[PDB]
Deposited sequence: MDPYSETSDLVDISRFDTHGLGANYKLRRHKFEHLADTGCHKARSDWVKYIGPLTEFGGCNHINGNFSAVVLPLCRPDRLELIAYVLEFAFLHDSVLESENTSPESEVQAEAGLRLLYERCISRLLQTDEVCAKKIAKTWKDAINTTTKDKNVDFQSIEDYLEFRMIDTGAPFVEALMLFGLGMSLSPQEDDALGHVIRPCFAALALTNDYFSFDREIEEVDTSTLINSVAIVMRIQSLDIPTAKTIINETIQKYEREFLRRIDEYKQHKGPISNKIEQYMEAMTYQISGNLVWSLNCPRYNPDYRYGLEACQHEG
């Protein structure tokens, strides 16, 4: 509206993904860029050198700007700040060559910036902040404990991967950006609705980050459904990617069904109507951002 512009998703090559999802780009995207800069500067200040890109993407839109385009402008910078730290902390958790000395050495710095993000969120919106802290902690713990599990189906993998990829974490941030809280009743019913959305987000990331994650497998755990399909079905990269592409399309359709099924079995409030809409923008934003984000695409990298 006055906070985001509608963007024609057909102007992008999405490999058949994102059909019937609308795409929006936050008008205050510079605040997301500012949040990511400050987070990266604090990382070098308290942790160590930067070794990768996070949410930044000036071509197709900052991660926060397209994934969360309904965010209130006064909350976009902090959300992007949090996500940028999460982007960088994510690769630390996946690392397999980190010495016990460096892990001890970086523990206090990681703690400081984590506590800095939680404190700022609590000071702005306490109810929303508590959900962010809960999901953030659950994602880190789940990743730490379960990242080495050998899954033998995409279904089993996704129960872990939806948490590892940060889908509830990002949902909690999106609610904070809306200044929105759900009742425990609404929490219960909407959990079933957004499960295929979480899976679409997780598998879409696998699709577009597989090349980069294969490049890092010498030093990082490979958590990717493309690899799983390759092993269990004895397929090469593009054939496995096609199967994941098809699986993404299935989850995308299932999400649209559950949104409309919710609307049928339950006159919804305009709050829940906004919630449903905001969730669909995660799908289109995550998809378009992953197309040429420097994080996964080296010929878009700089500096």
query	finding
Deposited positions without coordinates, collected into consecutive stretches in sequence order	1-4, 271, 309-316
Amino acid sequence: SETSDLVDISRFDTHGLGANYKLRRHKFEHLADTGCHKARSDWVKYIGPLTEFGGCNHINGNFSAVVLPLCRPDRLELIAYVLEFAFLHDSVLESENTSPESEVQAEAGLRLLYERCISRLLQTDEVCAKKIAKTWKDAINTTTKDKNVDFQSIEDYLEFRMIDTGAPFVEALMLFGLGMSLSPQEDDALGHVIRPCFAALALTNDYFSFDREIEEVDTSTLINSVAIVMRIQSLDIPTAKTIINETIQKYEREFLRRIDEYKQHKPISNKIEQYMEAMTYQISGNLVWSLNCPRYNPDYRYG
From here on, numbers count along this sequence of modelled residues.
property	result
Segment of higher mean CA temperature factor, 268-276 or 237-245	268-276
Selected stretch [higher average CA B-factor]: 257-265 or 53-61	257-265
Among 101, 159, 171, 94 - the residue whose C-alpha B-factor is largest in the record	101
Deposited CA B-factor, highest of 142, 148, 105, 205	105
Third of chain Cα B-factors occupied by residue 195	lowest
Residue 25 by Cα B-factor - lowest, middle or highest third of the modelled chain	middle
Residue 85 CA temperature factor, ranked by third within the chain	middle
Record-listed C-alpha B factor of residue 152: chain third	middle
CA B-factor placement of residue 286, once the chain's modelled residues are sorted into thirds	lowest
